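If you want the building blocks of each chain, they are given just below.
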Amino acid sequence: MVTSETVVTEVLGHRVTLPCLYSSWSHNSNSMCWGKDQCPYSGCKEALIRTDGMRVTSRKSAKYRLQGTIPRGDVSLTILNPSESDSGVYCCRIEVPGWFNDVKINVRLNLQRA
Amino acid sequence: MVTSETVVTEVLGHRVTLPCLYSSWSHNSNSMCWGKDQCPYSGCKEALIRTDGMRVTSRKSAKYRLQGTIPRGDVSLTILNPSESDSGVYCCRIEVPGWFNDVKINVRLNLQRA
Amino acid sequence: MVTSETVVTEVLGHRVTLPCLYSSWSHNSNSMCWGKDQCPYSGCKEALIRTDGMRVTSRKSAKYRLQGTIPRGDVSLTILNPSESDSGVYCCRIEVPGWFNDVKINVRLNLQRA
Amino acid sequence: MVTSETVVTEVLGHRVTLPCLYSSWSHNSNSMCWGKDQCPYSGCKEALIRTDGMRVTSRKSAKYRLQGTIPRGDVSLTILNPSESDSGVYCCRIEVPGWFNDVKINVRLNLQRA
Amino acid sequence: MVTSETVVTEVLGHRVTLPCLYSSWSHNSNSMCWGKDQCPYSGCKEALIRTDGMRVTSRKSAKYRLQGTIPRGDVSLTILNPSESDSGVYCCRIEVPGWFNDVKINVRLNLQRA
Amino acid sequence: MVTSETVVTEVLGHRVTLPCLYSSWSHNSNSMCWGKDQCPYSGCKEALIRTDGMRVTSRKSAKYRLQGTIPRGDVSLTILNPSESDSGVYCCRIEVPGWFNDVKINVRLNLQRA
Amino acid sequence: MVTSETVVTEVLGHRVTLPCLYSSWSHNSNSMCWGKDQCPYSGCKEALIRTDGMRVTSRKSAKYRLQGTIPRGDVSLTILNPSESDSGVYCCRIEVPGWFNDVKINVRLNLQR
Amino acid sequence: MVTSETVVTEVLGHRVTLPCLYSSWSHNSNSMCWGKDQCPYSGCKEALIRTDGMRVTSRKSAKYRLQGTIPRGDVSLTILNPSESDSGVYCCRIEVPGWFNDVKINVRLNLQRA
């Protein structure tokens, strides 16, 4: 099957950001989580980071951060002080009410030397 | 910098194709080549496969084939008897006349066993 | 899950056509079948009507016909002398080579009286 | 004649929602109603549910709910405890000032078992 | 009710053209006619000018001409030796098979002196 | 030369509205006026009705009213107690700072009996 | 007043091309000419170069050539042996039958050292 | 390489604004500067004028002004009493965190005589 994904090509030494925007976001209905390699399953249990529709509900992490305006659907992932092992495919799962309405948006991180 | 790429998720044992289309194609002006991991450098010289404006000019490779119609801009890469080592990023470079007009189109291949 | 479909509103007894177009069609690789209520499963068995990429390979219906240019991807369904039992949802399944590449297109037929 | 409609494919046992959005909505000018199979006539009486510019003013049953933010034009229909008989075509009628300006928006609900 | 129309602002003294293009045109199914003030009724009888799928079938007119390529759907109206009385609203009726599939496209002509 | 316009087809006996929306409107920079047959000249002098960017500043005639939200760019014209002589072409002129930046928006009104 | 134009940033030493496409082109009705700084006046006389709707009708020039397929509306301008003085705004005037129907398309050429 | 730019045509002696809008602007992340003929380099340390994401941080110029709301991304340039030497190409550089994410936006100013 053929799908599409975003590619972020970056340099080591500063935090990097993986874009995920869901413009129609509403704090009343939506929530979100990030996973590596694969999308977290429905109900966002086993994720890198997670939100409720307003803010991060995940325990505070040294690595993972959401620095965008979450109530407007800017759930972009910030990865602090990245290393080469952080390279690879990430999945942003937007939770949508109802049956099989979730949106999965993929971002590939490619870290290289300046 | 952020770009985008096509993802092809496929199964082993049959030929797979990585889509690459250049609608504006004209045989007198355009040319093309394919590369793995990275785009070949300007002048498409050490690539997986290469064409002029009409046809494949590099050898006759058992693994790599272009089965689409090149003069109409269908330069999709076909890979015969693919194995797991064939997974990864491929790059399709459309050569366009002039200064920095070349088009680079990326496709990530993911092969599963099923 | 949320999708979309075309609705064809016609009068009982008049031949009707349910639109289904696949612009990218190739006589070498594509095929198709139509189903009522649900799309036929892959391999288009037990269908209203079916093709190979050139022509209808199904026997012949007094009712069902493909009158468009099948090798150019116009696999629109024509229904002769439709009756009230012919109202309802139809599904046009385009068979595409590879893993989960098939396209499903829905058309709802609504027949009226006078 | 050919029109288009959205299809909502859902599972039994939980409330389902049928989208109907009118962005230009104003509590001063607009009102709305929902009907089954056919759109309610002008003046939105004999309906499943109906509003003024702000809120629901009458419903045929507690089964039907408008839970979106209505003054912003989200008059999407929620159906509580849906059963198989709830499947079929629904029509959302937006009332607009002037002569023949009403908007009719159709949604087909498909409830599945298993 | 609100619709839209094209406006042609022109000068007297040379033939003028009112655009009407129907890209989907096919000589096997489509035909057309022009009317002044209103589109002619279905079946395009007592019209300014009329065609079948290929060509003008109404008597040759000293005033009205179709100079575009009709089999490709260019059924734009040419008006020879225009005078001020030629100003006003025109309607281009595309005849399409089936129930209420005809398309009406309106053009208002405003002719000026010199 | 070819342009386009909105057509409002309405009935006598009730107020009618002619649409003119300018979304980028700002009370600090924009103003507007309506004219019959032609847009009023630059400076909107002797128009049907005119505003200063916030509200109508001249010629709320009797007939002519602006009931939309002017600061949000809804400068749609309401004509109270319309008669047949009110049919015809109207022009909405949006005044914009700088050289020849004004926008002209045309609406043709067609009034029918009742 | 605010309009738009395409920008061609190129390098010296090879012929350069300024795009101008009119998809709707038909040889019976359309014709075309190019001008520098400003559009040539109606009646494409004179331009750097001009056509009749099929092919170039102006004298054959050493500097200016139209290498696209003109009957399909590819009236892009090719400039042979460009120098810095060739930089600036160019205007492609597509002639269309009737009153004030002509299309003007602007391209700015920027040549670098 | 081929890009596009906005053209502003104004009359000498009148203040002009050169549009530059960046919708995604955030006071936390973005900064900007304007240059003539060419974009200022990364880090905007010469330029015509510059901001820190909230306001102009370059010392006040008699010529150059940013009068739009900078925190919403309107970094349009206002030039007071422009003279003939002010004609020409301008470049608006939006600075974005990470590697090669800066956006370059061009405006050509054309000043005409009174």
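Keep in mind that residues are numbered from 1 along each chain as the sequence reads, not by the entry's scheme, and that residues without coordinates are left out. Key to labels: chains lettered from A, ligands numbered from 1, both in the order written. Note that water and hydrogens are dropped before the side-chain values are worked out from all heavy atoms of the structure. Residues with missing side-chain atoms are left out of burial classes, side-chain pairs and their counts.

Header annotation of the entry names X-ray crystallography as the structure determination method and lists the resolution as 2.3 Å.

### A look at the environment of G:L12
All names here are of chain G. Helix and strand assignments follow DSSP, with helices taken as H or I runs no shorter than four residues and strands as E runs no shorter than two, numbered in order from the N terminus. Considering the arrangement of structural elements, one finds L12 in the loop between β1 (2–11) and β2 (16–18). Exposure is judged per residue with a 1.4 Å probe applied to protein chains only, and the accessible area is read against the type maximum: over 50% gives exposed, under 20% gives buried, and values in between give partly exposed. A residue is classified by how much of its surface remains accessible, and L12, at 34% relative accessible area, is partly exposed. Sequence spacing of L12 and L111 is 99 residues, and the spatial spacing of their C-alpha atoms is 6.5 Å. By definition in these notes, contact holds between two residues if any of their heavy atoms fall within 4.5 Å. Once residues within four sequence positions are removed from consideration, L12 is found in contact with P82, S83, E84, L111 and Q112.

### Remarks on the nonpolar core
All names here are of chain F. Ranked by internal contacts, the top residues of the largest apolar core, which has 25 residues, are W34, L77 and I94. Counting only elements with at least two residues in this core, the list comes to β2 (16–18), β3 (31–36), β7 (77–79), β8 (88–95) and β9 (103–112). Not counting chain neighbours up to four residues away, the residues in contact with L77 comprise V16, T17, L18, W34, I49, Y64, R65, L66 and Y90. Among buried residues, the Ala, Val, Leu, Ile, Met, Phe, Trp, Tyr and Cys ones that are joined through side-chain atoms within 4.5 Å form a nonpolar core.

### Considering the UniProt feature "disulfide bond" in chain A
Residues and elements named next belong to chain A. The sulfur atoms of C20 and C92, a pair UniProt annotates as disulfide-bonded, sit 2.0 Å apart here, close enough for the bond to be present. One end of the pair, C20, is in the loop between β2 (16–18) and β3 (31–36); the other, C92, is in strand β7 (residues 88–95), with 72 residues separating them in the sequence. Note on accessibility: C20 and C92 belong to one class, buried. The term disulfide is used for any two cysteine sulfur atoms that are within 2.5 Å. UniProt positions are given in the numbering used here, feature names are shortened, and annotations may be inferred rather than shown by experiment.

### Focus on the pattern of salt bridges
Note on definitions: salt bridges are taken to be side-chain nitrogens of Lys or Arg within 4 Å of carboxyl oxygens of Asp or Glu. Applying the stated criterion across every chain, the model contains 30 salt bridges over all chains. A salt bridge links D:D86 to D:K63; its shortest N-O distance comes to 2.4 Å. Here D:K63 lies in the loop between β5 (56–59) and β6 (64–65) and D:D86 lies in the loop between β7 (77–79) and β8 (88–95), a separation of 23 residues in the sequence. Owing to a relative accessible area of 5%, D:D86 belongs among the buried residues under this scheme. Of the charged contacts, one joins H:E5 and G:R108 as a salt bridge, the two residues approaching to 2.8 Å between their closest N and O atoms. Of this pair, H:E5 sits in strand β1 (residues 2–11) while G:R108 sits in strand β8 (residues 103–112), which puts the two residues in different chains. The buried category is assigned to G:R108, whose relative accessible area is 12%.

### A closer look at the UniProt feature "disulfide bond" in chain G
Residue and element names in this part refer to chain G. Between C20 and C92, where UniProt records a disulfide, the sulfur-sulfur distance comes to 2.0 Å, consistent with the annotated bond. Placement of the pair is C20 in the loop between β2 and β3 (31–36) and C92 in strand β7 (residues 88–95), with a sequence separation of 72 residues. Accessibility assignment for this pair places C20 and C92 in one class, buried. Between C33 and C44, where UniProt annotates a disulfide, the S-S separation is 2.0 Å; being under 2.5 Å, the link is counted as present. You can see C33 sitting in strand β3 and its partner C44 sitting in the loop between β3 and β4 (49–50), a full 11 residues away along the chain. Given a relative accessible area of 0%, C33 falls into the buried group.

### Notes on the sheet that holds strand β3 (residues 31–36) of chain H
In this scheme, strands are said to pair when DSSP sees at least two bridges between them. Across the sheet, which stays open at both edges, the 10 strands sit in the order β4(G)-β3(G)-β7(G)-β8(G)-β1(G)-β1(H)-β8(H)-β7(H)-β3(H)-β4(H) with mixed pairing between neighbours. Each edge of the open sheet carries a strand with a single partner, namely β4 of chain G together with β4 (49–51) of chain H. Direction of pairing for β7(G) relative to β8(G): antiparallel, over a ladder of 7 bridges. Counted as the bridge partner of G:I94 is G:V103 from β8(G).

### With respect to the relation of the copies chain D and chain C
The atoms used to superpose the copies are the C-alpha atoms, and the fit is by least squares. In screw terms, the move from chain D to chain C is a rotation of 178 degrees and a rise of 0.1 Å along the axis, fitting with an RMSD of 0.9 Å. When the rotation and shift are considered jointly, the pair of chain copies conforms to a two-fold rotation axis. Every residue of chain D has its C-alpha some distance from the rotation axis, and the shortest such distance is that of D:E5, at 2.9 Å. Looking at chain D, 100% of its interface residues are interface residues in chain C too, so the copies touch through the same face.

### Describing the interface of chain D and chain C
Each side of the interface is counted separately: chain D has 12 residues, and chain C has 12 residues. The largest share of the area that chain D buries against chain C comes from D:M1, D:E5 and D:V7, three residues that together contribute 43% of it. Across the contact surface, chain D and chain C share 2 salt bridges. Linking D:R108 and C:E5 is a salt bridge whose minimum nitrogen-to-oxygen distance equals 2.7 Å. For the purposes of these results, a polar contact is taken to be a pair of N or O atoms within 3.5 Å, where, inside protein, one atom must be able to donate a hydrogen and its partner to accept one; residues adjacent in sequence count only when each atom of the pair is a side-chain atom. Viewed at the interface, chain C and chain D are joined by 7 residue pairs in polar contact. The element best represented in the side of chain D that touches chain C is strand β1 (residues 2–11) of chain D, accounting for 9 residues. Considered class by class, the residues forming the side of chain D that touches chain C number 5 nonpolar, 4 polar and 3 charged. Once two parts are put together, the accessible area they lose, assessed with a 1.4 Å probe and summed over both, is termed the buried area. Note on residue classes: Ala, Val, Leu, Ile, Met, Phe, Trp, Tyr, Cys and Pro are nonpolar, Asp, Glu, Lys and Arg are charged, and everything else, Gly too, is polar.

### Points about the packing of aromatic side chains
To pair, rings of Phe, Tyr and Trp, with the six-membered ring standing in for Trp, must have centres within 6.5 Å; the planes then decide the type, stacked if under 30 degrees apart, edge-to-face if over 60, and tilted in the middle. Summed over all chains, the structure comprises 12 aromatic pairs over all chains. Between C:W99 and C:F100, the aromatic rings sit 4.9 Å apart at their centres with planes inclined by 15 degrees, giving stacked as the arrangement. With a relative accessible area of 34%, C:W99 lands in the partly exposed category. G:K36 extends its terminal NZ or CZ atom over the ring of G:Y90, reaching a point 5.9 Å from the ring centre. Definition used: whenever NZ (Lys) or CZ (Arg) falls within 6 Å of the ring centre and also within 35 degrees of the ring normal, the charge is taken to sit over that ring.

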